[PDB]
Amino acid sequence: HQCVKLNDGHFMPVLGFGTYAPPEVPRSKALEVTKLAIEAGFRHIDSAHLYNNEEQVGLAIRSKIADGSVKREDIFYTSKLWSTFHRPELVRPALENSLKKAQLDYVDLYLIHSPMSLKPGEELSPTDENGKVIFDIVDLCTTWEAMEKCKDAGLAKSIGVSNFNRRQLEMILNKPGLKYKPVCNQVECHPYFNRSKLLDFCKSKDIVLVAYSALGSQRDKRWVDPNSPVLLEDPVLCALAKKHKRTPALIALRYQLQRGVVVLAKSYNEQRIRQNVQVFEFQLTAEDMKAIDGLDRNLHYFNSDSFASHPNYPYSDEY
């Protein structure tokens, strides 16, 4: 039920539903599970142009409004601007396209999906002759100004960023004539990779940190190494789950809630969808919090070696 106030006065529910599924999953599933999520109690829904599901997610939202379960104001819907659309003149069209797809008049939140700009076009992964992804050089402050214009039109209630580091955050925050600060920064965050200092910074700036892969990634072999430790098989998370008679997933979500993190959870399983909302029914102890704090290993699940040579590549390599 609980929300946090954003720095523009709008409110964001602290538990959000992740809608991404791989291309093999039929598009119909995004409709079904998003309705299940709303029925379960989720009020924050996370989607993106990249996810090729905005039609289905939007239709689930419209369906739960039209059947009386919720009103539009109950739902917090997020879309994201894809990296081929960073040039300013492309920002508002991209948003409008997402809205046309989702059959919504506005999103509650529009994010720059990633700082790593790609060659402009309606090709989402532009590639050269060698199969290498073509980059683009774009001043993300011009992107941000186009985002601000989207907010002023009422097309996006709030605007923010995703996958930005300290420096890209400040470059937005330092922008001349800046009208709206980013309400949030959505990044990978879980007990293996807690982002404690990025988190402190955001709290300092009245920016909400939003955790994705908070259950440990869906572990797509295309982008995730299967040797990596499975987050939900962690001995300490499992121990705490037995202690509280909850599940490792529930422990991992509560961990973020108690450290002031808004947290996403993807599930396309009806039972797990309904289990994840129980995160509001219990508390971890300060000692449990410490034991989970101790799990931090700066572990990135997503491997983006292909993107390491990008000027805005967000996690600087050990190089």
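In this text, the rigid core denotes the largest set of C-alpha atoms whose superposition between the two forms falls within 1.5 Å. Residue positions are given as counts along the sequence shown, with the first one as 1.
- Between 244 to 252 and 220 to 228, the larger mean CA deviation from the shown form in 8 other deposited structures of this protein, after core superposition, belongs to 220 to 228.
- Relative to one another, 81 to 89 and 130 to 138 have unequal mean CA B-factors, and 130 to 138 is the one with the higher figure.
- Averaged over Cα atoms, the B-factor as recorded in the entry is higher for 251 to 259 than for the other of 31 to 39 and 251 to 259.
- The maximum CA B-factor among the listed residues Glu270, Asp67, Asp293, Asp46, taken from the PDB record, is found at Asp293.
- You'll see in the entry that, of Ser228, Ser158, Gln186, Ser98, the Cα B factor peaks at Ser228.
- Among the modelled residues of its chain, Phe164 has a C-alpha B-factor that falls in the middle third, as given in the PDB entry.
- Among the modelled residues of its chain, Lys243 has a C-alpha B-factor that falls in the middle third, as given in the PDB entry.
- The deposited CA B-factor of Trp223 belongs to the highest third of values across its chain.
- Ranked by Cα temperature factor within the chain, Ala102 sits in the lowest third according to the deposited record.
- Remark: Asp288 belongs to the highest third of its chain, ranked by C-alpha B-factor as recorded.
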